[PDB]
Amino acid sequence: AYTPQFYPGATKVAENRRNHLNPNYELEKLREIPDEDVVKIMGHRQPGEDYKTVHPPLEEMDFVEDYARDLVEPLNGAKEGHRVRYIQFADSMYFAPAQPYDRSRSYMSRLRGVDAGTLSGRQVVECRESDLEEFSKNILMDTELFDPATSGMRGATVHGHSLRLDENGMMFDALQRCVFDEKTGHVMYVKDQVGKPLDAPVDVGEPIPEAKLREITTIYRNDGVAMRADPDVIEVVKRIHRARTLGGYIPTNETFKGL
Amino acid sequence: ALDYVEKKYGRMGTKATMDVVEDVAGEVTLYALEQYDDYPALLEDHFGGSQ
Amino acid sequence: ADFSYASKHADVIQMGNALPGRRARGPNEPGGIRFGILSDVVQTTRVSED
Amino acid sequence: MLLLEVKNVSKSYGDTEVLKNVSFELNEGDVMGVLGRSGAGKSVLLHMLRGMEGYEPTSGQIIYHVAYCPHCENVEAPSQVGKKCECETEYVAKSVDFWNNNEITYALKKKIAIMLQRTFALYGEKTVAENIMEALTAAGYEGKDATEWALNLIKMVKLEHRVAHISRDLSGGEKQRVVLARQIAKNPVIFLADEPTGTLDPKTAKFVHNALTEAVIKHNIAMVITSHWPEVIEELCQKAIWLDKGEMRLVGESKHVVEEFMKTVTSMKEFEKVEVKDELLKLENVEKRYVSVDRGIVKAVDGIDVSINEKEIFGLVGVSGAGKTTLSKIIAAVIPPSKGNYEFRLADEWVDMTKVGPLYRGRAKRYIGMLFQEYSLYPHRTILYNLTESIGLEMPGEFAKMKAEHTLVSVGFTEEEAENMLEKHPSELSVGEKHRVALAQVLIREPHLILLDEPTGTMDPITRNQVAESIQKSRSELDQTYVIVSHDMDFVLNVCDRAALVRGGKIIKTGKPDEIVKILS
Amino acid sequence: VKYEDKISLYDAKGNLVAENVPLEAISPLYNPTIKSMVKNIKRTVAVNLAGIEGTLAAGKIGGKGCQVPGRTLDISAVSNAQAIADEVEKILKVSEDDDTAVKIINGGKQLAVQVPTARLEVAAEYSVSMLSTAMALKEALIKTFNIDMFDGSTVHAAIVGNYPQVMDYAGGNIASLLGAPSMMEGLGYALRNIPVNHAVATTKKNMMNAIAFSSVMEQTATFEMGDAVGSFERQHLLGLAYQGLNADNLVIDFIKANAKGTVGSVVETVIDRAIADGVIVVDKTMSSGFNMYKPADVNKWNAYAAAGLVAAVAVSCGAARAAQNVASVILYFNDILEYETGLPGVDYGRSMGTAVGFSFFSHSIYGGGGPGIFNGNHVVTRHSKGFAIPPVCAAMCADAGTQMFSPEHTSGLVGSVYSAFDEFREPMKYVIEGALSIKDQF
Amino acid sequence: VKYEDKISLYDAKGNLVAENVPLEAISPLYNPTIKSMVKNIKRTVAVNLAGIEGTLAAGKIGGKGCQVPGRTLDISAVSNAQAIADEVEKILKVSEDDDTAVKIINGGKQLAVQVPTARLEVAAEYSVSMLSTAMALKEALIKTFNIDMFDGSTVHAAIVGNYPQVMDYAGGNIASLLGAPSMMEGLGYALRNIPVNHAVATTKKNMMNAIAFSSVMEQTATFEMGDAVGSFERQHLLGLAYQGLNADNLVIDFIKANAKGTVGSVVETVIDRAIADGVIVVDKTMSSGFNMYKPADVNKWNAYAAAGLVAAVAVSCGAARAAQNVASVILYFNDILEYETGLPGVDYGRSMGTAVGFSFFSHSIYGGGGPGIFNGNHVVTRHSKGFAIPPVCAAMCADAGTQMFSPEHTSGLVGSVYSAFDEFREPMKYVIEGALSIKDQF
Amino acid sequence: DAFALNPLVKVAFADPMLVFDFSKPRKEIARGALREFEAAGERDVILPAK
Amino acid sequence: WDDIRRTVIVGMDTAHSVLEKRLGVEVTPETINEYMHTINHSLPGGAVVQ
Amino acid sequence: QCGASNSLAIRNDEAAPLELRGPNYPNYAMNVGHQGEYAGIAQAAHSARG
Ligand SMILES: Nc1ncnc2c1ncn2[C@@H]1O[C@H](COP(=O)(O)OP(=O)(O)OP(=O)(O)O)[C@@H](O)[C@H]1O
Ligand SMILES: Nc1ncnc2c1ncn2[C@@H]1O[C@H](COP(=O)(O)OP(=O)(O)OP(=O)(O)O)[C@@H](O)[C@H]1O
Ligand SMILES: C[C@H](OP(=O)(O)O)[C@H](NC(=O)/C=C\CCCCSSCCS(=O)(=O)O)C(=O)O
Ligand SMILES: C[C@@H](OP(=O)(O)O)[C@H](NC(=O)CCCCCCS)C(=O)O
Ligand SMILES: [Mg+2]
Ligand SMILES: [Zn+2]
């Protein structure tokens, strides 16, 4: 067979990117947020009530006979028939453990039937509501992919990914969805990801210490680990660029001899 | 970029090949991103990633 | 995206159409305005019966 | 003549004979009743007859005998063998054997209708008309034909007040009737109905029932209907089976069978009296209006003044669409009112609750738990995870297992059943086992005010009496106040004490459940 | 012969059809089936008689919201139908053994007219079909119901709609699969006008057949653009064979291997297959592991990556049963493959750029419409030369009715007209048969 | 078959060829020569090799007065024209007997290529020829002279001027008889986009051959636009036969009868011939004595008036030997014919109005120019459906050098390339032969 | 008739908030000829006064 | 000419239907008034709460 | 993404020198943040040569 490498490089940032891309790597969990708390921060549905449906279950609807379409097993939320919801994250440039393109690549490498979108200060994944809640609790919130200070589940107004951290080390939030409770040392979400206030604040845990954030981040920084210390990634990027250029010029084997 | 080019190539000291494009563009990109990392004022001025 | 189509690409009424060829112009230019549209622009039927 | 046979089939699920020695025969037109306890195997048997994934037999087989066009893939009734197609060809008779990959299976599967238990197979965003219109167009008909039916149909399940209304914003039994009206409108060879009426009130249930007859029995479409609630099995089926834990305890004329079943039964436990203690909630002019620029105003709650007196069980009875779920969601601080006051006496202070936040509604919302009429669990988690880790239990994980077992036992499971159920997924339970698990999930946090939107609906009289004594014991030993929305009257007589009647968003009169009964009749 | 590449042809069920088929047997310049589809698309016109009747009855000539009082004609086009079709056929007739075919669709409310190839042999462009059909229909309507001489302009406005003022058929009831040649994004872009929904509705929501239709049109268009000329012809032929026609059963094999899998598992299976077939080899191993990969056959590696792209879209959109995932799957399939192997993606980044285009076009308020209206004659989607559009057909075929731009909403007339032709309803089978008919001439 | 009126056939010298030829024998839908002309006009591309060498040597890419310093390539394309043509033929070849011809013109200075028909069968339009020729030329220049990878962009800019930015071929050294589809002013106007200077230079300034070329192209275009279908077809067939092919030798006889005459003498000759042939009869005699005339055959009177219009243009512009008189002659031939007979003009006054606008835009500040730059796609000369452009071609053939924008100034590459083919240069003697080939099939 | 080609164009240009009122086109051209028509699109607030 | 050039008529019935059904947002006359206030602030050059 | 392939391409729709490229270049006809800097790179090509 083929043993899959995931990312070039020898530094800790490349190792963290490889770990995020690896579906067989168990991400270290750092907090326990209950399922109903994740649902409440998500703000899509009331916990305890049934999922809203967009179509009948796949057994009820009649489709044409398609051999290639029926080879793929659908998701459970697709089997019952559920609306497609989203969960959106903002990641600070100051050593957040997960980063937008890294998030999108890891989501599309690890999860089935997801819709990943990458912006500079935004990253959103869309899926059926039950499966989306499942991997939001299991992977997105409780593991080392999330830090309540340098990252945040937020839709609507997103700003502060490139700004400096506040006095408590948290990312800037124009709507202030999550605040810092100095009596317990924990970050508490007082609003959901879109902005309406929550009736009961939910503990997402305490901020990750900066020393651990240096080890678990996936961003390259001059004050942390720079790409000049990782020449293998730059060489792979340059090889990809040269291969694209040679393929766009003349896509033959003799023109790729100068690769 | 001009200083780095004049120190090792010159203004018209090299013929356009792949290697000089990779070297110059990679060095200038690494410098610009290092300056964004080193100076929070520069990063907060160009807050959007597209900029 | 579906709402964007429904809100700004579903029932848009433009004053004039784009013109082709050597008279190349965009929409809402006076070469694209039909005679009936311009008749509807003028409001004299509102205030006069002659 | 004969439609389908059932050979000696024993369905097992890992040393779990959900069903064994099941065999019955049906002809072209007859209603067959499947009567039994909760978890007896009725939903498994209907998914078995439907041919859904995971319901393949381990021992036996079922034969479907149909008509068929080899050029058109239309399946029909076997009686059509001898008649003329809607295409060329005459017809051919096929002994489709399900679970044998017999082509026709696909066409036959399209020709059979199923009413899923506690699952609304509707498009949600396609209103009421387009949902039914879809059914017609999908199955065939034509502009006029469809229109005629659509209107004639919306009349039968009684939905003329919600025609352009979005079906996602409907209310429980209304969605049930919408799914029903979608389910007649396909011309099936068989209509498998799992709990066709639902937790529906007497009157609306009667309309559903007559609609079913008006249609399926007219087109001599065989009926397989389950209800572990007999009075329908009799008024609908002529030949009914009684099974107990997957084994046919009897196979007879429906009348004798229902008799025998009802003898096996138990009466209620009329608990001891209780004195209540002070007012806890006070709602003053609560209104809830759903205004649309395209369908009119739906005044769900139309000015409602109620008071609950603390440790007491309060009932809310009414007809479908009266506004009980909207009211209960207003009480649980889930849906804000358009107008009106709600104060909750935490201990002596009345927090104004139409104000969001921990400083205001939150205060009382820590001790408010709601079981929804359209409930759900977490299907990717186990039952033990659902009671303990999914909601957050304030105890170490080693000691949460016996707490969840105690809660399941208090709900009305045995020790063996609760032990076997803990390491299981919600998809492996029955509708009624999932309902009791959701009730336990509400109860296990021990909130003060508990709202229970239709606790019963799929419980044998015995299971229902169980859930009932549960609520009564917890109210007295734990002074828990309850608000109950229900349709079973005898539950209100032997459980509730100060029920209220809801009619079109009003409160009419509040009083004793017997007084409410003589007001109703 | 000039290409030594041999392919094995498979059907839509994954069964073998023939082996050692030459690569040029599926070429648009050789395949008779592809020629027949091109000619049929060029000469087929769809006429909405019910729309003409409704427009003339209410005086709804013009465009959106346009209505001329007093210019209302009460004719019965649907009731007559057969007489109008006979008159149109008689006017459009050139020889007696002509290919003129005016058939009646949906009981008189629609017409499917095929103008003869004699009128297209002396035409520099395909627009002769719609103009000739419009003229024949105008004459048939004027002669059948005795229209006054002063209402022929109203009849023309109802049929065609604002044509001398607006160089298009906007408010009319006559349609074709190809738009106006002056409304193309670039020169030679005429064949990239069929949207995804039209291809899905024509193939009756069949996955492989819609993929084959989209790929055949896109690669024939690249031949029309002059792109697949010289050193690019081999790469476009390999792309067509492996992406649309399931050469060597690659798409079916990847889907079967990744039934429970994700996009990354599809990437892994594609890399494993390309290593096993000898398409790619190890270039060098860096200090931190990561043995770099280089293509031993560049065009074959591009074809393998395109087949894997189609399979990844099918796997993800069959898992979700929703057609909204196409942009992310193409984008991050290419990204994961590039940063996993150090190899170029499909179309050397053009597929990834077109996936970014799909992303901003179908996922934002800046976006417009869904993936069902994707066509190569759009500025957003023109950049990939027939490598990003055929996966969108698989995505829309895997959709469980959760899209506003469903094929039923946008392409019912197109499906009812063009599904009657065998080479359009099942393009895969008949393209394979046409390739089999010309095996021995290479 | 459906037209029972026969015509005679005469050559450009006025000698009889055959009699009782059916009218459909010269129809574009039946005549093999017209079909071959349309097929060959879509695949023939004019290449300026000396222009390519001069553009690359001085860096003249960009268009009008555009120079890019630094992007200068020194190649010897005119000397290596044989190798370049061989490589272009190798690239463009489909099979080995395909009608691919790359002939060398003017000692390597020009190149006339013909892309194969099979490349155009699967193309929706005619733009495949120029794009395919551009790509083949780019590859041939890149592999003949070992041009660097960073200068292939300059080679592309030299061959095609600003194509991705300007949807046209303006600054390049490649050309065709037909214009770009983006320049079309209406659908079906692709065959109308041949300027008068191109047709005059193609026929080597022969009057009757240029009349035949322009008439064949314009009436085939009217067939393409759908104008000449149904009851409109006979009028355009007779207009092509009489004005363009001198069926009953009407043009030559009228010119011979008015060798030293004016426009008015041609008008009376036309009326006398139409009366003698029974085409027109006296309707009524008025109180003033004016004889109002009516057509016994409307389309035949149309054809007679069109042939007389061409004859009047030839007479007046051969007397003046200047091509600036076309608009006035076309105006006043119709103007005095209508008020002499009471009969409509050549195209029911659609052609007199074409002359009234031609007289605007050939003598004013507002646009247009010389008569040689106009065409059927022009906004000034599009209104007459094939009845006003062959007079302009005849007048430009009769010009002795009084025009600044002469065919020598405007069409030097196109004329020299397209005059090498016998079918384009002398369309009369081959269209008559094609009619004789199918004379017995009606 | 209330309109000629488009009812939506007829209602839209009946708006009193339009600076040019299309009820009396002859009268306002007179006002613009006598320099008493206050037109829009003037950049007076972003330009120097000298 | 300026008033004709700057006029675009857009229908809001498919947008309201998409908001009510697909987006699950109620459309009331109060919500339409709020939208009209928002577009009246935002159409000339405005940015809402930014 | 399509840039590296289209930068030194020779195909009809993709090849153009950067001096001859513009906002109507098919890759460049949608997005902010590229065109003005493309013009500066085109100038810098000739500023190095003086
Ligand atoms: N997928 C499954 N795997 C294992 N056991 C299952 C599965 N589905 C159902 N069961 C069990 O099989 C038995 C029959 O369940 P079924 O849903 O048929 O009950 P039922 O008779 O319909 O009762 P109810 O009134 O609750 O609907 C129950 O014990 C149930 O827990
Ligand atoms: N979100 C909504 N938008 C509009 N109308 C609604 C909405 N929710 C409920 N309604 C309507 O308001 C009425 C009251 O609904 P509610 O769910 O409170 O009824 P109910 O008394 O619980 O009836 P059931 O017995 O069916 O549960 C119903 O007719 C319902 O269709
Ligand atoms: C301007 C361009 O067309 P053109 O370049 O050919 O003129 C035009 N582009 C668009 O419409 C599309 C999207 C532009 C919006 C991007 C603004 S950047 S700020 C927020 C963007 S994001 O947060 O959602 O990523 C088009 O119609 O294709
Ligand atoms: C003929 C044509 O000019 P060109 O030949 O294309 O330069 C065309 N003229 C016009 O339509 C001028 C319109 C106004 C001038 C005369 C008004 S009576 C134009 O400007 O495009
Ligand atoms: Mg059940
Ligand atoms: Zn049949």
Side-chain angles (χ1 to χ4, degrees), chain A residues 35 76, chain D residues 9-22 34 36-48 52-59 117-118 194 226 228 243-249 264 266 371 375-391 393 395-445 455-470 473-474:
Chain A
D35 270 303
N76 212 272
Chain D
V9 45
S10 323
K11 171 61 156 161
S12 175
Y13 266 133
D15 328 304
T16 324
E17 283 289 344
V18 167
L19 284 168
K20 44 195 304 301
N21 302 2
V22 167
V34 182
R37 281 279 316 235
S38 180
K42 330 179 279 282
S43 293
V44 165
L45 179 272
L46 254 76
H47 297 165
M48 193 105 197
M52 264 144 84
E53 32 168 334
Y55 301 96
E56 167 165 13
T58 89
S59 325
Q117 209 189 332
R118 230 274 305 187
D194 213 337
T226 76
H228 58 253
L243 79 183
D244 202 355
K245 271 321 139 141
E247 255 166 67
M248 303 197 287
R249 181 113 155 244
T264 71
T266 321
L371 164 70
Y375 63 95
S376 55
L377 304 166
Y378 298 92
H380 37 104
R381 307 303 160 128
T382 63
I383 297 307
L384 184 48
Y385 205 103
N386 266 282
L387 286 322
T388 71
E389 315 197 35
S390 266
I391 55 177
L393 219 56
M395 64 190 343
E398 205 192 324
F399 319 112
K401 184 151 162 280
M402 59 52 75
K403 168 91 192 85
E405 254 168 313
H406 186 276
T407 322
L408 286 183
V409 159
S410 94
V411 147
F413 289 117
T414 62
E415 257 302 359
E416 168 78 273
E417 251 167 13
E419 174 159 81
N420 294 335
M421 173 175 338
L422 275 191
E423 277 330 287
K424 211 150 145 223
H425 281 308
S427 53
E428 297 164 60
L429 300 192
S430 80
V431 181
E433 293 171 7
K434 288 198 275 257
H435 214 167
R436 279 178 284 170
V437 159
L439 170 64
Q441 190 165 322
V442 175
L443 285 168
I444 196 170
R445 311 249 288 279
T456 75
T458 36
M459 279 96 189
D460 345 303
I462 311 100
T463 25
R464 165 200 97 214
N465 329 321
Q466 256 314 318
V467 166
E469 122 92 73
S470 319
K473 207 198 188 270
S474 176

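Each chain gets a letter, A, B and so on, in the order its sequence line appears, and its residues count up from 1. Keep in mind that the numbers below use all heavy atoms, side chains included, and drop hydrogens, waters and symmetry copies.
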Nearest non-hydrogen partners of D:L422 and D:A404, listed with the distance: CD2-CB, 4.4 Å
Heavy-atom closest contact (D:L408 atom, D:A440 atom, distance): CD2-CB, 4.0 Å
D:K424, D:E416, D:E417 screened by side-chain hydrogen bond (donor to acceptor under 3.5 Å, both in side chains) with D:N420, the one that passes: D:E416
Working for side chain to side chain contact (heavy atoms under 4.5 Å, CB included), residues D:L387 and D:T407: CA-CA 9 Å; D:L387 286 322; D:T407 322; 5.6 Å; no
Between OG on residue D:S376 and NZ on residue D:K434, distance to nearest 0.5 Å: 11.0 Å
Nearest non-hydrogen partners of D:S410 and D:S470, listed with the distance: O-OG, 3.1 Å
D:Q441 CD to D:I391 CD1 distance, which is reported to the nearest 0.5 Å: 5.0 Å
Distance (rounded to the nearest 0.5 Å) between D:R436 CZ and D:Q466 CD: 8.5 Å
Heavy-atom side-chain proximity of D:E415 to D:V409 below 4.5 angstrom: yes
Min side-chain heavy-atom separation D:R37-D:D244 under 4.5 Å: yes
Check: D:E56 main-chain N/O paired with D:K11 side-chain donor or acceptor under 3.5 Å: yes
Check: D:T458 and D:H228 side chains under 4.5 Å, non-hydrogen atoms: yes
Beyond-backbone contact of D:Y375 with D:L439, side-chain heavy atoms, under 4.5 angstrom: no
Value rounded to 0.5 Å, distance of OG1 in D:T382 from CE in D:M421: 12.5 Å
D:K403 atom NZ: more than 12 heavy-atom contacts under 6.0 Å: yes
Atom pair CG/CG of D:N386 and A:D35 - distance to nearest 0.5 Å: 8.0 Å
Spacing of D:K42 atom NZ and D:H47 atom NE2 [to the nearest 0.5 Å]: 12.0 Å
CA sep, side-chain torsions, deciding dist, call: D:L384, D:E423, side chain to side chain contact (heavy atoms under 4.5 Å, CB included): CA-CA 7 Å; D:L384 184 48; D:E423 277 330 287; 3.7 Å; yes
Side-chain heavy atoms of D:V22 within contact of D:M48, under 4.5 Å: no
Minimum side-chain heavy-atom gap D:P426-D:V437 below 4.5 Å: no
More than 12 heavy atoms of other groups within 6.0 Å of D:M402 CE: no
Taking every non-hydrogen atom, the tightest pair across D:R381 and D:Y385: NH1-OH, 2.9 Å
Contact summary for D:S12 and D:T58, nearest pair of heavy atoms: N-CG2, 3.8 Å
For the student: nearest non-hydrogen atoms of D:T266 and D:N465, plus distance: O-ND2, 3.9 Å
Plane angle bin for D:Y55 and D:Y13 - parallel if under 30°, tilted between 30 and 60°, otherwise perpendicular: perpendicular
Pairwise side-chain contact, D:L393 with D:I444, heavy-atom cut-off 4.5 Å (strictly under): yes
Working for side chain to side chain contact (heavy atoms under 4.5 Å, CB included), residues D:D194 and D:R118: CA-CA 9 Å; D:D194 213 337; D:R118 230 274 305 187; over 6 Å; no
Donor-acceptor pair, side chain of D:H425 and main chain of D:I383, under 3.5 angstrom: no
Sub-4.5 Å side-chain heavy-atom contact between D:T264 and D:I462: no
